[PDB]
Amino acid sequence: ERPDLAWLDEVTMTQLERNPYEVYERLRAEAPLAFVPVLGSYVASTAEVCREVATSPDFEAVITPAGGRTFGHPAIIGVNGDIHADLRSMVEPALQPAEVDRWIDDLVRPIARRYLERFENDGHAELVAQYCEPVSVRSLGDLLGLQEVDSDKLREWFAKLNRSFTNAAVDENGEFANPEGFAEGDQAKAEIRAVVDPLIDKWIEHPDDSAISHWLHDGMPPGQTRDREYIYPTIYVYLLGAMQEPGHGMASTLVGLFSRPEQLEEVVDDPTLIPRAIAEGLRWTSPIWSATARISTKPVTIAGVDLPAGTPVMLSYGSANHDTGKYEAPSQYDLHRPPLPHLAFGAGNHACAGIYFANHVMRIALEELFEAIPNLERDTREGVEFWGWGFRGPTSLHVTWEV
């Protein structure tokens, strides 16, 4: 409908999944708020518009269409008002910085060592499958109370939920172009229910220190628990992004450091630079790239576009983090970029609740990897491909080292 953006009609879902950055560079210049036909929604592409929409009093959270088809209600990302306040109060205790600092080292560091011990003398490894994902999922799984769910299963679940949640393509009539793409999300949920329903059965009667037990019990009247149907969608929110994103952020940070060998050596030699390297990694390839959205609650004008009430806007934070109004040469990883605000954790009342936790998981994992393999090098016989529009990260990271 917007004439000068007719080229957007030829943008495909596969193009955005393989590399959304060329399309979004055009969007940031041509239309910071733009309706993308294959996505069926307005998208915010610049830092200014994403931040404005994420923090505006005239917008509230909305789950994307494929996200809602995947998670249902009440996903913490998709609700507001009293339900959102309750779900935030439910998840926040274990994520409080003073609480994280009590146990994060004893949680993540032995896990990192366990996975490293399997390959650190091999001289070769694919770090996404052998290290970044296992550490991410084993750390969160143990915190949640899923100690008995193997890391290969947690990784399979977040991969299936990822593809279902981002199964966003719509056809010429605005209907989902790929309805079969939700089936593997439904199968993952069915498997999760089979595993987790007995655990909830047990936690209701015998609460323990697992996070999901506290989600059932915290803040409830005596002898009452939150209904499992009320907390399952937020369990799914965790079993997708909370399981997936720390591993993605680790791996993207490593790919960026390998792209700047001098900076990789700097960080190996001085591990106090790991937090800075990670912050730049998150900006450089944002793990949550375009997964969340807001919806207008009254008529509003954003970036010159008059939106009616009830208009969804997708928040493409991964594009906003390449906003050249903010950053010079943003497609280059640069550890020595000044530490500027970024949107990799979102903004507003629905901003990431687990920032402090996630930053420490990533930090500890990279600390242990560099201590165990200080001569780590990328395997240049291998290419690194990144995949994902909703969630983005490298699909493999082949490395080598002299042993």
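Start at 1 and count along the sequence shown; that's the residue number.
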{"property": "Mean temperature factor over C-alpha atoms, higher-scoring stretch between 58 to 66 and 334 to 342", "result": "334 to 342"}
{"property": "Stretch exceeding the other in mean C-alpha B-factor - 370 to 378, 41 to 49", "result": "370 to 378"}
{"property": "Of the residues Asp186, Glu280, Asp122, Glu229, the one carrying the largest Cα B-factor as recorded", "result": "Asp122"}
{"property": "Largest Cα B-factor, entry values, listed residues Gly318, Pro97, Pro312, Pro93", "result": "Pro93"}
{"property": "Third of the chain, ranked by Cα B-factor, where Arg260 sits", "result": "highest"}
{"property": "Within-chain third of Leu16 by Cα B-factor, per the entry", "result": "lowest"}
{"property": "Ranked C-alpha temperature factor of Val36 among modelled chain residues, by third", "result": "middle"}
{"property": "Where the record places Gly390 (Cα B-factor, split into thirds across the chain)", "result": "lowest"}
{"property": "Chain-relative CA temperature factor third for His217", "result": "middle"}
